[PDB]
2 protein chains.
Amino acid sequence: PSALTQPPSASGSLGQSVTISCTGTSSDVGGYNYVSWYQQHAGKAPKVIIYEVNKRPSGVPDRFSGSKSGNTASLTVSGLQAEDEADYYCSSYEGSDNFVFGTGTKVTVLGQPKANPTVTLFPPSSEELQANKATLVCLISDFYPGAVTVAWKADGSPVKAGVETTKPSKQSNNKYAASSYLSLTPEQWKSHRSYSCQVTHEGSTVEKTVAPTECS
Amino acid sequence: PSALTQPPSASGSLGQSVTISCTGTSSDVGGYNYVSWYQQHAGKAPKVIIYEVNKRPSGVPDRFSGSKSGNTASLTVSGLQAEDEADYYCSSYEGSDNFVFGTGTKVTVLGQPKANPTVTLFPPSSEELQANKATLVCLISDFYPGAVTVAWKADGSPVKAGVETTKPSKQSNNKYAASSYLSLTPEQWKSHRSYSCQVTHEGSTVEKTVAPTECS
């Protein structure tokens, strides 16, 4: 499991009360409770800046509040300070083990204004169909800051089985770019009616769709 | 009190083995038997691969031995599987309901054979030009090492403008994925016999081309 679901990115202004969260596939919470909020810093100490829901460990600033609503378990930084920008993680034990961490909420100090991902889904060219392979490519571009969820739907139904995301870059234009793909062989490509790419940003999902032809 | 110590990088030559130290202090490790090891594939989250010195979670791979010695943990990866490339952490109990982690140990597998990348180039599409935009992307994939150049050719002279390269993201196989994109208008797209993608990988070049033969 990950199950602990986390919002792709967090950006904030210096003074901003950035809340953060976790929500859970299957089940475990309802029994479980007592979850731990982390802070990863750029190739530096991964500190447990919260333990059991809102117990701050000694030395941790009081701003670092933590909460839980029921399935959504929160964090909440009050008055973002510069040195606050980091890769904050989330976690929950299950039973005798089962340390399941959430996906990974990257937080940000706002340099440049907020950018939203232009997503362009590319279908498998004819010549490619000619070679007896098939690859749709989802280009994410012109966004800030570079934490994006990238999910694939085959006719809505989630495909998590031939997918391949890329970690962001920073474009000469000073904004960012990323780009998932999906490898197939033509059968299933031809035998599903549609395929979509969906990317999550700061309060925005985009899902764009693609369907087959056989033009050449 | 500081962070437990690991050697920063390390090395296993798939088939061979590796051993990782998590050196601490009889207040965290030693006295307490309660130090773990977190496996981190490039920040996708860690998989908690060990927690009670040697207690293996069923859903971890059995060749990850983690033993307690003097004042230190010791993670022997046996008979190496090149996937194992990653940074790993150890975490020692102190006692306020506080916990303190390791230096990090970024493992390097040696002797993983060299993959030449699939350049699956894309012309722009139906809905794209419908919008009016012209995005070509070059999906360079499945290569090792991740030293690959991408130059594009315009019609027969080179193109150095309006382009972006995304240099080797870590795949899901210690093979990498690099994207490239050119963006111009239809009344740019059309005015060309072809456009080309070029990948240099090790001492090898791969061109690819697209004529505006628009099946779609």
# chains A, B, ... in the order shown; residues from 1 in each chain; ligands from 1

call {"tool": "residues_around", "arguments": {"residues": "residue 211 (chain B)", "least_positions_apart": "6", "cutoff": "10 Å", "atoms": "only C-alpha atoms", "output": "number ranges by chain"}}
result
B: 123, 155, 189-190, 192-196

call {"tool": "residues_around", "arguments": {"residues": "residue 66 (chain B)", "least_positions_apart": "5", "cutoff": "7 Å", "atoms": "only C-alpha atoms", "output": "list in words"}}
result
residues 53, 54, 73, 74, 75 and 76 of chain B

call {"tool": "atom_distance", "arguments": {"atom1": "CA of residue 138 (chain B)", "atom2": "CA of residue 112 (chain A)"}}
result
28.2 Å

call {"tool": "closest_residue", "arguments": {"among": "B:110, B:50, B:197, B:14", "to": "chain A", "atoms": "only C-alpha atoms"}}
result
B:50

call {"tool": "calpha_fit_rmsd", "arguments": {"fixed": "chain A", "moving": "chain B"}}
result
13.0 Å

call {"tool": "interface_residues", "arguments": {"of": "chain B", "to": "chain A", "cutoff": "7 Å", "atoms": "only C-alpha atoms", "output": "compact mmCIF listing (two decimals) with N, CA and C atoms, in the first residue's frame"}}
result
# COMPACT_ATOMS: atom_id res chain seq x y z
N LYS B 44 10.29 8.31 -3.76
CA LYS B 44 8.94 7.87 -4.15
C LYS B 44 8.19 7.57 -2.83
N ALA B 45 8.86 7.96 -1.75
CA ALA B 45 8.63 7.40 -0.40
C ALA B 45 9.74 6.34 -0.19
N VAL B 48 9.67 0.62 4.19
CA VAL B 48 10.34 0.28 5.49
C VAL B 48 10.69 -1.20 5.32
N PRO B 57 9.72 -7.53 7.01
CA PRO B 57 8.31 -7.47 6.58
C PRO B 57 8.08 -8.35 5.36
N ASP B 97 9.49 9.67 22.82
CA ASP B 97 8.67 9.47 21.58
C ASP B 97 9.32 10.54 20.66
N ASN B 98 10.57 10.22 20.39
CA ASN B 98 11.47 10.94 19.48
C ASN B 98 12.26 9.83 18.76
N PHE B 101 17.56 9.55 12.72
CA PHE B 101 17.82 8.82 11.48
C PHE B 101 19.30 8.77 11.14
N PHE B 122 7.42 11.88 -32.09
CA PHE B 122 6.01 12.21 -32.30
C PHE B 122 5.94 13.54 -33.07
N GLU B 164 12.98 22.09 -25.52
CA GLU B 164 13.35 21.73 -24.14
C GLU B 164 13.77 20.26 -24.15
N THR B 166 14.67 17.10 -21.31
CA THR B 166 14.47 16.60 -19.94
C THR B 166 15.40 15.39 -19.86
N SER B 169 15.55 11.08 -16.26
CA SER B 169 14.76 10.60 -15.11
C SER B 169 14.98 9.10 -14.92
N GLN B 171 13.80 5.56 -14.31
CA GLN B 171 12.62 4.84 -14.82
C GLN B 171 11.95 3.99 -13.75
N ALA B 177 14.66 7.64 -18.61
CA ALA B 177 13.72 8.25 -19.54
C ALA B 177 14.00 9.75 -19.68
N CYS B 215 -1.42 11.02 -40.77
CA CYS B 215 -2.44 9.97 -40.61
C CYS B 215 -3.51 10.47 -39.60

call {"tool": "atom_distance", "arguments": {"atom1": "CA of residue 118 (chain B)", "atom2": "CA of residue 149 (chain A)"}}
result
24.8 Å

call {"tool": "closest_residue", "arguments": {"among": "B:12, B:70, B:203, B:95", "to": "residue 30 (chain B)", "atoms": "only C-alpha atoms"}}
result
B:70
